[PDB]
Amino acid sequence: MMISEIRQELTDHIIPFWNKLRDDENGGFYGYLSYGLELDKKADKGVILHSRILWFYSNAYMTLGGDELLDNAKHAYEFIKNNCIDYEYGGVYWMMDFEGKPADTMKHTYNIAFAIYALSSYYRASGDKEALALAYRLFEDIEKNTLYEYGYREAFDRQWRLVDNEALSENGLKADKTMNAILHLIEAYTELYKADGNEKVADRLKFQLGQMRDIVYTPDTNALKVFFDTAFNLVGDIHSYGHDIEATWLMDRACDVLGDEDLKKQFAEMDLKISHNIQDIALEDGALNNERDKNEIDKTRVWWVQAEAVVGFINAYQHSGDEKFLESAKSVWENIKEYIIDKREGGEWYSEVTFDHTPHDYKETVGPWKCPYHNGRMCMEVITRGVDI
């Protein structure tokens, strides 16, 4: 059934693939594997990529066991600690070169949050207490330098002077504030709190949750807004189905880890509403569409979107008892197998596949924005929740 297959995809396909990308020569993991499966060992190594690998191995180890997994986690951890952290100004850089020299020193709230998420996890895994210290160190850096009166700001140069939020922008937008960043702060802080129960961290977490409920959620539509200006007013008109379904289970996760029953009930009802909406509006021909940008629907099947829909739908079942959520989960998974998973040697998942089932041959297999985190997390979450179909 579903769990057995996914567990296989994780253990026999995904892990072996990533294992081969370990760089014992220059540290960390290789930064680029093209669509045509040509590897550039000398490509720049993105720090979000390394944090996601770190998160992935740390969690794969906690799920399946196997010293090998923890050793790979540790390999990535060392790369981050020794190269990726700006000890002088704070935070983490954006891009290293293949040798681990800073190639882009821009500071991004979203990137720093991820470092926290990974470090927290590695601590829960290892549990090297220096990893937890680094986690708090970066938590402090975010709160010191990126928090303004009306919420977090997202993009800075190394020295924390404000710049354009390219990199999270979608069209020509480059809004100042994004739902993306808030969501990934929730994700990280949830993990830091899980790790060590610090109430200062839960305070910020609850503030982030509130922003999701009070600003970003659109009650008469059940959508999440995506881009904002410095006034938290809407910029552009984008509905990212992927972030919606991801946010639903991520927010429940946050509320469960806090253990406040009033939040949990509150958020479980909001999240379900978003879940039902996505299932009605974005599920088509058994797979999840990407987004609506104003008048146009992008029906491209983006790999991480499929993966997040599997978790979010299962989560929606768990909070509702409605079986159609389960069927949707199966449907998305069935279509991941047919169309998204690479059968070539030795690839893993295609980045993007059209509604008509042909891969975008211009999207890399591995790069700064594609890693084992989204698809890795789905496998583990499915395994761990043990609902089958």
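Note that residue numbering begins at 1 and tracks the sequence as displayed.
Colleague: Mean CA temperature factor from the deposited coordinates, higher in 322-330 or in 50-58?
Modeller: That would be 322-330.
Colleague: When the C-alpha temperature factors are averaged for each of 117-125 and 253-261, which stretch ends up with the higher value in the entry?
Modeller: Higher mean C-alpha B-factor in the PDB entry: 253-261.
Colleague: Out of 91, 219, 242, 312, whose C-alpha atom has the biggest B factor in the entry?
Modeller: In this record, 219 carries the highest C-alpha B-factor of the candidates.
Colleague: Out of 186, 112, 134, 162, which one has a C-alpha B factor higher than all the others in the entry?
Modeller: Answer, based on the entry's C-alpha B-factors: 162.
Colleague: Among the modelled residues of this chain, does the Cα B factor of residue 303 put it in the lowest, middle or highest third?
Modeller: It falls in the bottom third of the chain.
Colleague: Lowest, middle or highest third: where is residue 225 by Cα B-factor in its chain?
Modeller: Its C-alpha B-factor belongs to the lowest third of this chain's values.
Colleague: Split into thirds by Cα B-factor across the chain's modelled residues, where does residue 80 land: lowest, middle or highest?
Modeller: Answer is middle: the recorded C-alpha B-factor places it there.
Colleague: For the chain shown, is the CA B-factor of residue 170 in the lowest, middle or highest third of its modelled residues?
Modeller: As the PDB entry reports it, the C-alpha B-factor of residue 170 lands in the highest third of its chain.
Colleague: Taking the entry's C-alpha B-factors for this chain, is residue 202 in the lowest, middle or highest third?
Modeller: As the PDB entry reports it, the C-alpha B-factor of residue 202 lands in the lowest third of its chain.
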